[PDB]
């Protein structure tokens, strides 16, 4: 059995929560807290281990952007620090290729990063790679066919409809077709042969719209919209379905979890997080024992 893990997030301040939702039975487990509260982080899994990457501790006692990489082992229910990134990256995106973690973009104070770096678990080492063509914070990241895509975000001045693709064997970024919608702090994931971008902020409104990029056709197509408008949502795939978790709708820090069924093109309410929050990190791995 596999669980959807949600790490960190934001309500009033950055959160240390780690909780795991089991689609098979509707249940939530609270697991070991993050060592450091963080919002605007990303989650990913490599070799059954859950990693929490970047973010920011927004707290009454000060605000600190995170360069941290921390590893959670479901077998032990324990967090362990890994090597830190070259730079703090709040509102980061991440993707895994070939057992390596790419950390993309994000902010450090007023610095909006185009830089990108790659973590090798076997070596506990980060190394910089080619930077993106654009500065992107609140960037959506997905991996399809061992290529890494960076989608939308905020460049320090404008929210972006643009997207680009990183070709590892050439260490090179190239623009792809722009989305039909400006999206920053969207949820971005892969399903089948498509990159999905769900929600985000366009500069004026939180979005419910959802569109997908087909790598073979190089075009974006809208699918059915989510039931909730949301920016700073978490997103993941579990058994061929997209799940979106939390976010901010302009009014409420959402506890809503929705899932998308591509065959019926419908979104439905699935469960509620134990408390409303935005800016979480999400990934899927094995049950704790």
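Residue numbers count along the first chain shown, from 1. Take the two forms, superpose them, and find the largest set of C-alpha atoms that agree within 1.5 Å; that set is the rigid core.
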item: RMS Cα shift after core superposition in 9 other deposited structures of this protein, winner of 38-46 and 54-62; value: 54-62
item: Of 76-84 and 128-136, the stretch whose C-alpha atoms average the higher B-factor in the entry; value: 76-84
item: Higher-scoring stretch by recorded Cα B factor average, 244-252 or 55-63; value: 55-63
item: Residue of maximum C-alpha B factor among 35, 221, 231, 39, per deposited coordinates; value: 35
item: Member of 114, 208, 90, 158 with the greatest C-alpha B factor (per the PDB record); value: 158
item: Third of chain Cα B-factors occupied by residue 273; value: highest
item: Residue 192 - which third its CA temperature factor falls in, relative to the rest of the chain; value: highest
item: Chain third (lowest, middle, highest) by recorded CA B-factor, residue given as residue 282; value: lowest
item: Third of chain Cα B-factors occupied by residue 170; value: highest
item: Modelled-residue ranking by C-alpha temperature factor, third containing residue 50; value: middle
